[PDB]
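In what follows, a structure is listed as structure tokens, so that the remarks can point back to it.
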Amino acid sequence: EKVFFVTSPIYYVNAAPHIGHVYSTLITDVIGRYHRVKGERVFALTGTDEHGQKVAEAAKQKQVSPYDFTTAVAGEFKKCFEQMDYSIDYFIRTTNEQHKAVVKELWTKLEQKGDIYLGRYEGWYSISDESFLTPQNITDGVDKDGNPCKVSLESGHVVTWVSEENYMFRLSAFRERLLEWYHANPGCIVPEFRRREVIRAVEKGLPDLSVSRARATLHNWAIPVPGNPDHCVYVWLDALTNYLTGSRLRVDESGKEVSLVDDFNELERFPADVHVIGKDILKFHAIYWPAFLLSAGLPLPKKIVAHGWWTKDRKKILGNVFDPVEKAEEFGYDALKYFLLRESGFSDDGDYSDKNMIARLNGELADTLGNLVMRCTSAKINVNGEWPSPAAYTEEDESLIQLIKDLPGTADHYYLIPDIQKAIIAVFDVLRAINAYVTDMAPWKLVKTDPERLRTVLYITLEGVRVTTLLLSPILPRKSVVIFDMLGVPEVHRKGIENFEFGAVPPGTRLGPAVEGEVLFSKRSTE
Ligand code: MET
């Protein structure tokens, strides 16, 4: 056992935070929350990528110091994530002095291993992606002016020709070991088609990789190469190292880093159990990073999960915004999170209209979950305001019980893939089954007609709501608490695999107090 270590990418601070960053960090957050619910030690990590030409030039364009610009924008990222109400354990910044030391330490290992030489890069480079590209991965496009230029096929951003004496990492020498790693861990990249992409790309051959740049090109906004002040460390080698840095930082109660340990084993976090990333940055994580780790003799991550990129009303996000805080203030924080995790799987296919948002809010959160919670806690149905003791189970009772008992196992596998969408769907399939059982039994009639039968129906329903809610708690962290409070579930029973079990809450447990205008999810007007 070790600390379950989950990460998000660290984001460029060239501009203000937006939905892409909020989405990636949310996924990271949800994975961490699920493992805490299982009672595991978790360290969840996010942060900002603050060096490089991209960032330094964005600061120049605003006519501000790189130190002042990065600090200000990093501040906006922290404020946004705070407001999004994640449970991230640490926010790292690559300008941190302790991160810097770790980067120099990793570089030195790579050099001492013989995997870094002085050579030349002569080729295309995308500043906006901080990415080296071959002629096969560029094409014709236009400037900011509208003059003809070359652009990345990858991303569409302008590319430039670089010809510089650079320190080069021997990535070509790691091809075989990388292929061995992919084939021996066929779950290590998710989803499967991105795993195939990576293997196909590495099968073709790998060139060596420039890991430094001449200091002027960078506007001196980068980590100097140890032993050679004319060169700065490639922003991506610096950036990827944040995962190692974060694995080695002791953090105090307020979230401040207070100490860098010498050895990752001391904190038991490294290597990451899951790196959450966008598809745009797959090669850095699935090819370069494991190669750096193999060179350094460090263990490799267990999973890399790469999600897709987004649209609002089937259009690129100018004249089309999606501010997550404003949407969350509009429809709800947990509701917005549910929507983002339910609507998209590993694709760009998601309908992010306010229409579809309202349809899921009303249909799934309000009509399926909320209505159910209200039914089984209603004083008109649950006359004694408690968990009743069930009488004998019918076959129908048992079919539903069986679904509830099976759910934790199924949801668990989905959370570990990870495929959060599938986990949510599984839980809601069980919520729908519970609703249909309740409709079929009509407990409102049973109050008058067979109060004994009602004890059974009502107990099964409460327990189905409790289990589904426990498994939804990583997705609806605030609302799950409210639900548990309404059900009167003691704190101890709100986490731990012990409580995945059917029957964990005893009969006789009292419900929470009923507030005057109780409303868990408010249906919105279709507009
Ligand atoms: C080590 S993850 C670095 C990600 C990069 N800063 C980006 O925003 O795409």
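How things are named: the first chain in the structure tokens is A, the next is B, and so on; residues count from 1 in each chain; ligands count from 1 in the order shown.
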*Hey, what does DSSP flag as strand (DSSP E or B) within segment 45-281 of chain A? Can you give it to me as an MDAnalysis selection string?*
chainID A and resid 45:49 90:93 116:126 131:133 138:142 148:152 158:169 189:190 209:210 212:214 224:225 228:233 249:251 257:260 274:278
Spatial neighbours of segment 496-511 of chain A, max dist 9 Å, only C-alpha atoms, sep filter under 3 positions, as a compact mmCIF listing (two decimals) with N, CA, C and O atoms, in the first residue's frame:
```txt
# COMPACT_ATOMS: atom_id res chain seq x y z
N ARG A 36 -10.47 8.32 -1.59
CA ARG A 36 -10.68 8.69 -0.18
C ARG A 36 -11.93 8.03 0.37
O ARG A 36 -11.93 7.58 1.50
N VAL A 37 -12.99 7.94 -0.44
CA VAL A 37 -14.24 7.28 -0.01
C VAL A 37 -14.01 5.78 0.28
O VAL A 37 -14.62 5.22 1.18
N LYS A 38 -13.11 5.15 -0.47
CA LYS A 38 -12.70 3.78 -0.16
C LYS A 38 -11.82 3.69 1.09
O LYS A 38 -11.46 2.60 1.50
N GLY A 39 -11.46 4.82 1.69
CA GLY A 39 -10.65 4.83 2.88
C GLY A 39 -9.15 4.79 2.60
O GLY A 39 -8.38 4.52 3.49
N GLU A 40 -8.76 5.10 1.37
CA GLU A 40 -7.35 5.09 0.99
C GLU A 40 -6.64 6.42 1.28
O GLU A 40 -7.27 7.47 1.31
N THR A 377 -38.13 9.63 2.27
CA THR A 377 -38.04 10.42 3.50
C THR A 377 -39.34 11.14 3.84
O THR A 377 -39.47 11.68 4.94
N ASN A 384 -42.99 7.14 10.48
CA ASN A 384 -42.22 7.19 11.72
C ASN A 384 -40.86 7.88 11.62
O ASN A 384 -40.14 7.99 12.61
N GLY A 385 -40.51 8.35 10.42
CA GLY A 385 -39.24 9.07 10.21
C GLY A 385 -38.02 8.26 10.61
O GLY A 385 -37.11 8.78 11.25
N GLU A 386 -38.00 6.99 10.23
CA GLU A 386 -36.88 6.12 10.57
C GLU A 386 -36.66 5.09 9.49
O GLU A 386 -37.45 4.98 8.55
N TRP A 387 -35.55 4.35 9.61
CA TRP A 387 -35.28 3.17 8.81
C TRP A 387 -36.06 2.00 9.39
O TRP A 387 -35.77 1.55 10.51
N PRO A 388 -37.06 1.49 8.65
CA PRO A 388 -37.82 0.40 9.21
C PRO A 388 -37.07 -0.92 9.14
O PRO A 388 -36.13 -1.05 8.37
N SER A 389 -37.49 -1.86 9.97
CA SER A 389 -37.02 -3.22 9.91
C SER A 389 -37.81 -3.98 8.83
O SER A 389 -39.03 -4.01 8.88
N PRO A 390 -37.12 -4.58 7.85
CA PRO A 390 -37.88 -5.21 6.77
C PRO A 390 -38.50 -6.52 7.19
O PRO A 390 -37.95 -7.22 8.04
N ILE A 401 -32.59 -5.85 -4.68
CA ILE A 401 -31.52 -5.99 -3.71
C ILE A 401 -30.26 -6.45 -4.41
O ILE A 401 -29.18 -5.93 -4.16
N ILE A 404 -28.48 -3.72 -6.18
CA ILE A 404 -27.82 -2.82 -5.25
C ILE A 404 -26.52 -3.43 -4.73
O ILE A 404 -25.53 -2.73 -4.60
N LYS A 405 -26.55 -4.73 -4.45
CA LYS A 405 -25.37 -5.43 -3.97
C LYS A 405 -24.28 -5.51 -5.02
O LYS A 405 -23.11 -5.51 -4.67
N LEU A 407 -23.82 -3.28 -7.43
CA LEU A 407 -23.42 -1.98 -7.90
C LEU A 407 -22.01 -1.54 -7.47
O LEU A 407 -21.22 -1.12 -8.32
N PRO A 408 -21.67 -1.63 -6.17
CA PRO A 408 -20.33 -1.22 -5.73
C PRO A 408 -19.21 -1.85 -6.53
O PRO A 408 -18.30 -1.16 -6.94
N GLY A 409 -19.30 -3.16 -6.77
CA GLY A 409 -18.29 -3.86 -7.54
C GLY A 409 -18.13 -3.31 -8.95
O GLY A 409 -17.02 -3.18 -9.46
N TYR A 459 -37.52 0.10 3.52
CA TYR A 459 -36.14 -0.24 3.87
C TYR A 459 -35.25 -0.47 2.65
O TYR A 459 -34.12 0.00 2.63
N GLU A 463 -32.03 1.97 1.54
CA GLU A 463 -30.72 1.37 1.39
C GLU A 463 -30.17 1.49 -0.03
O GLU A 463 -28.97 1.65 -0.22
N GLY A 464 -31.05 1.43 -1.03
CA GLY A 464 -30.65 1.67 -2.40
C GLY A 464 -30.22 3.12 -2.58
O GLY A 464 -29.24 3.40 -3.27
N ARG A 466 -29.02 5.10 -0.21
CA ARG A 466 -27.77 5.27 0.52
C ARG A 466 -26.57 4.78 -0.28
O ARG A 466 -25.56 5.49 -0.39
N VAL A 467 -26.66 3.57 -0.82
CA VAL A 467 -25.55 3.00 -1.58
C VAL A 467 -25.27 3.79 -2.87
O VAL A 467 -24.13 4.15 -3.14
N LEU A 470 -23.61 7.03 -1.92
CA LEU A 470 -22.24 6.85 -1.50
C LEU A 470 -21.33 6.77 -2.73
O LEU A 470 -20.28 7.40 -2.77
N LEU A 471 -21.75 6.01 -3.74
CA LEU A 471 -20.98 5.87 -4.97
C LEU A 471 -21.02 7.11 -5.85
O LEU A 471 -20.11 7.30 -6.64
N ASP A 485 -27.66 13.45 5.28
CA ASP A 485 -28.28 14.13 6.42
C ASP A 485 -29.77 13.88 6.48
O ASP A 485 -30.32 13.67 7.55
N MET A 486 -30.44 13.92 5.32
CA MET A 486 -31.88 13.64 5.25
C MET A 486 -32.17 12.21 5.65
O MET A 486 -33.17 11.94 6.30
N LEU A 487 -31.31 11.29 5.25
CA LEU A 487 -31.50 9.88 5.57
C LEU A 487 -31.10 9.56 7.00
O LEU A 487 -31.45 8.49 7.51
N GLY A 488 -30.37 10.47 7.63
CA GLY A 488 -29.89 10.27 8.99
C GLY A 488 -28.76 9.27 9.08
O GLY A 488 -28.58 8.61 10.10
N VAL A 489 -27.98 9.15 8.01
CA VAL A 489 -26.83 8.23 7.98
C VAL A 489 -25.71 8.77 8.86
O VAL A 489 -25.22 9.87 8.61
N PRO A 490 -25.32 8.02 9.90
CA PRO A 490 -24.20 8.51 10.74
C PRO A 490 -22.91 8.73 9.95
O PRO A 490 -22.68 8.04 8.96
N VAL A 492 -19.86 7.90 10.28
CA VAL A 492 -19.00 6.74 10.10
C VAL A 492 -19.41 5.91 8.88
O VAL A 492 -18.55 5.32 8.22
N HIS A 493 -20.70 5.91 8.58
CA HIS A 493 -21.23 5.11 7.49
C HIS A 493 -21.17 5.81 6.13
O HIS A 493 -21.67 5.28 5.15
N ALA A 514 -36.63 17.52 8.91
CA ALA A 514 -37.17 18.04 7.67
C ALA A 514 -37.20 19.56 7.76
O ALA A 514 -37.76 20.11 8.71
```
*Fewer than 5 positions away in the same chain doesn't count, so skip those; otherwise give me all residues within 6 Å of residue 168 of chain A, counting only C-alpha atoms, as a list in words.*
residues 116, 117, 118, 119, 209, 210 and 211 of chain A
So that I have them on file, write out the residues from the current selection with N, CA and C atoms, as a PDB file, in the first residue's frame.
```pdb
ATOM      1  N   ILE A 116      22.204  12.460 -22.326  1.00  0.00           N
ATOM      2  CA  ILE A 116      22.149  13.825 -22.825  1.00  0.00           C
ATOM      3  C   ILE A 116      23.453  14.235 -23.497  1.00  0.00           C
ATOM      4  N   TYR A 117      23.358  14.715 -24.725  1.00  0.00           N
ATOM      5  CA  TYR A 117      24.529  15.176 -25.431  1.00  0.00           C
ATOM      6  C   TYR A 117      24.249  16.539 -26.037  1.00  0.00           C
ATOM      7  N   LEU A 118      25.317  17.274 -26.330  1.00  0.00           N
ATOM      8  CA  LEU A 118      25.191  18.513 -27.053  1.00  0.00           C
ATOM      9  C   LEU A 118      25.057  18.191 -28.539  1.00  0.00           C
ATOM     10  N   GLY A 119      23.951  18.636 -29.126  1.00  0.00           N
ATOM     11  CA  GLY A 119      23.698  18.490 -30.547  1.00  0.00           C
ATOM     12  C   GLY A 119      22.982  19.702 -31.113  1.00  0.00           C
ATOM     13  N   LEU A 209      15.515  14.089 -28.738  1.00  0.00           N
ATOM     14  CA  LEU A 209      14.669  15.191 -28.335  1.00  0.00           C
ATOM     15  C   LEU A 209      15.485  16.300 -27.702  1.00  0.00           C
ATOM     16  N   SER A 210      15.311  17.506 -28.219  1.00  0.00           N
ATOM     17  CA  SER A 210      15.966  18.682 -27.679  1.00  0.00           C
ATOM     18  C   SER A 210      15.400  18.961 -26.291  1.00  0.00           C
ATOM     19  N   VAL A 211      16.274  18.972 -25.281  1.00  0.00           N
ATOM     20  CA  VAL A 211      15.848  19.247 -23.902  1.00  0.00           C
ATOM     21  C   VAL A 211      16.429  20.541 -23.326  1.00  0.00           C
TER      22      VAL A 211
END
```
*Within 7 Å of ligand 1, which residues show up when you count only C-alpha atoms and all ligand atoms? List them as a ChimeraX atom specification, please.*
/A:9-12,48-49,129,236,239-240,242,281
*Near residue 301 of chain A, counting only C-alpha atoms, which residues have an atom at most 7 Å away, once you skip same-chain residues fewer than 6 positions from it, shown as a ChimeraX atom specification?*
/A:271-274
*Within 9 Å of residue 87 of chain A, counting only C-alpha atoms, which residues qualify if same-chain residues fewer than 3 places away don't, as a list in words?*
residues 29, 30, 32, 33, 44 and 82 of chain A
Go ahead and save the residues from that selection, with C-alpha atoms, as a short mmCIF file (atom, residue, chain, number, x, y, z; two decimals), in the first residue's frame.
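As a result, again-v5.cif now contains:
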```cif
data_model
loop_
_atom_site.label_atom_id
_atom_site.label_comp_id
_atom_site.auth_asym_id
_atom_site.auth_seq_id
_atom_site.Cartn_x
_atom_site.Cartn_y
_atom_site.Cartn_z
CA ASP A 29 -10.53 15.60 -8.18
CA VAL A 30 -13.20 12.96 -8.70
CA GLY A 32 -9.01 11.34 -5.67
CA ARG A 33 -12.37 11.70 -3.93
CA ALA A 44 -4.17 14.85 -5.50
CA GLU A 82 -11.00 27.27 -4.79
#
```
*Write out as a ChimeraX atom specification all residues of segment 170-362 of chain A that backbone DSSP assigns to alpha helix (DSSP H).*
/A:175-184,192-204,235-240,242-246,282-283,289-296,324-331,333-343,354-360
Those same residues - C-alpha atoms - I'd like them written as a PDB file, in the first residue's frame.
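Full text of result.pdb as output:
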```pdb
ATOM      1  CA  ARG A 175      11.935   2.821 -28.303  1.00  0.00           C
ATOM      2  CA  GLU A 176      12.263  -0.882 -27.403  1.00  0.00           C
ATOM      3  CA  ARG A 177      11.786  -0.349 -23.678  1.00  0.00           C
ATOM      4  CA  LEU A 178       8.753   1.846 -24.264  1.00  0.00           C
ATOM      5  CA  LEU A 179       7.182  -0.820 -26.493  1.00  0.00           C
ATOM      6  CA  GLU A 180       7.914  -3.456 -23.804  1.00  0.00           C
ATOM      7  CA  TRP A 181       6.221  -1.211 -21.263  1.00  0.00           C
ATOM      8  CA  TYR A 182       3.064  -0.649 -23.355  1.00  0.00           C
ATOM      9  CA  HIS A 183       2.660  -4.328 -24.179  1.00  0.00           C
ATOM     10  CA  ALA A 184       3.249  -5.514 -20.594  1.00  0.00           C
ATOM     11  CA  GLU A 192      -7.691   2.075 -25.753  1.00  0.00           C
ATOM     12  CA  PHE A 193      -7.586   3.885 -29.101  1.00  0.00           C
ATOM     13  CA  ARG A 194      -5.164   6.484 -27.689  1.00  0.00           C
ATOM     14  CA  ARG A 195      -3.043   3.644 -26.412  1.00  0.00           C
ATOM     15  CA  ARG A 196      -2.978   2.230 -29.959  1.00  0.00           C
ATOM     16  CA  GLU A 197      -2.024   5.679 -31.321  1.00  0.00           C
ATOM     17  CA  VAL A 198       0.911   5.888 -28.959  1.00  0.00           C
ATOM     18  CA  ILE A 199       2.170   2.365 -29.783  1.00  0.00           C
ATOM     19  CA  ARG A 200       1.824   2.973 -33.539  1.00  0.00           C
ATOM     20  CA  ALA A 201       3.809   6.221 -33.250  1.00  0.00           C
ATOM     21  CA  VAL A 202       6.612   4.658 -31.228  1.00  0.00           C
ATOM     22  CA  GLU A 203       6.717   1.613 -33.547  1.00  0.00           C
ATOM     23  CA  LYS A 204       7.669   3.918 -36.447  1.00  0.00           C
ATOM     24  CA  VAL A 235       9.842  23.791 -20.562  1.00  0.00           C
ATOM     25  CA  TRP A 236       8.331  20.342 -20.990  1.00  0.00           C
ATOM     26  CA  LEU A 237      11.085  18.523 -19.077  1.00  0.00           C
ATOM     27  CA  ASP A 238      10.712  21.196 -16.367  1.00  0.00           C
ATOM     28  CA  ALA A 239       6.902  20.786 -16.492  1.00  0.00           C
ATOM     29  CA  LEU A 240       6.776  16.961 -16.401  1.00  0.00           C
ATOM     30  CA  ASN A 242       6.284  18.686 -11.363  1.00  0.00           C
ATOM     31  CA  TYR A 243       4.895  15.215 -10.767  1.00  0.00           C
ATOM     32  CA  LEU A 244       8.172  14.158  -9.118  1.00  0.00           C
ATOM     33  CA  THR A 245       8.449  17.435  -7.160  1.00  0.00           C
ATOM     34  CA  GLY A 246       4.880  17.151  -5.885  1.00  0.00           C
ATOM     35  CA  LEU A 282      -0.411  12.621 -24.954  1.00  0.00           C
ATOM     36  CA  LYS A 283       3.103  12.301 -26.425  1.00  0.00           C
ATOM     37  CA  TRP A 289       8.014  11.182 -19.585  1.00  0.00           C
ATOM     38  CA  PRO A 290       8.391   7.402 -19.281  1.00  0.00           C
ATOM     39  CA  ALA A 291      11.638   7.646 -21.283  1.00  0.00           C
ATOM     40  CA  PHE A 292      13.024  10.271 -18.860  1.00  0.00           C
ATOM     41  CA  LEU A 293      12.012   8.013 -15.953  1.00  0.00           C
ATOM     42  CA  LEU A 294      13.615   4.938 -17.534  1.00  0.00           C
ATOM     43  CA  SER A 295      16.850   6.887 -18.052  1.00  0.00           C
ATOM     44  CA  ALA A 296      16.794   8.153 -14.465  1.00  0.00           C
ATOM     45  CA  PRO A 324     -17.758  27.398 -15.435  1.00  0.00           C
ATOM     46  CA  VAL A 325     -18.230  29.539 -12.303  1.00  0.00           C
ATOM     47  CA  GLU A 326     -21.078  31.469 -13.955  1.00  0.00           C
ATOM     48  CA  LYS A 327     -22.735  28.229 -15.103  1.00  0.00           C
ATOM     49  CA  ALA A 328     -22.251  26.759 -11.615  1.00  0.00           C
ATOM     50  CA  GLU A 329     -23.804  29.815  -9.961  1.00  0.00           C
ATOM     51  CA  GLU A 330     -26.648  29.454 -12.490  1.00  0.00           C
ATOM     52  CA  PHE A 331     -27.373  25.685 -12.243  1.00  0.00           C
ATOM     53  CA  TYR A 333     -21.797  23.338  -8.573  1.00  0.00           C
ATOM     54  CA  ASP A 334     -22.536  19.625  -8.156  1.00  0.00           C
ATOM     55  CA  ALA A 335     -25.069  19.767 -11.008  1.00  0.00           C
ATOM     56  CA  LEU A 336     -22.515  21.341 -13.383  1.00  0.00           C
ATOM     57  CA  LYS A 337     -19.888  18.754 -12.346  1.00  0.00           C
ATOM     58  CA  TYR A 338     -22.298  15.856 -12.844  1.00  0.00           C
ATOM     59  CA  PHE A 339     -23.187  17.223 -16.248  1.00  0.00           C
ATOM     60  CA  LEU A 340     -19.580  17.580 -17.406  1.00  0.00           C
ATOM     61  CA  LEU A 341     -18.745  14.048 -16.214  1.00  0.00           C
ATOM     62  CA  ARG A 342     -21.943  12.428 -17.477  1.00  0.00           C
ATOM     63  CA  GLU A 343     -22.205  14.087 -20.878  1.00  0.00           C
ATOM     64  CA  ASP A 354     -28.168  24.899 -21.748  1.00  0.00           C
ATOM     65  CA  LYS A 355     -31.020  22.823 -23.196  1.00  0.00           C
ATOM     66  CA  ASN A 356     -29.184  19.542 -22.644  1.00  0.00           C
ATOM     67  CA  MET A 357     -27.837  20.743 -19.275  1.00  0.00           C
ATOM     68  CA  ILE A 358     -31.427  21.400 -18.132  1.00  0.00           C
ATOM     69  CA  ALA A 359     -32.618  18.065 -19.552  1.00  0.00           C
ATOM     70  CA  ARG A 360     -30.034  16.173 -17.447  1.00  0.00           C
TER      71      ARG A 360
END
```
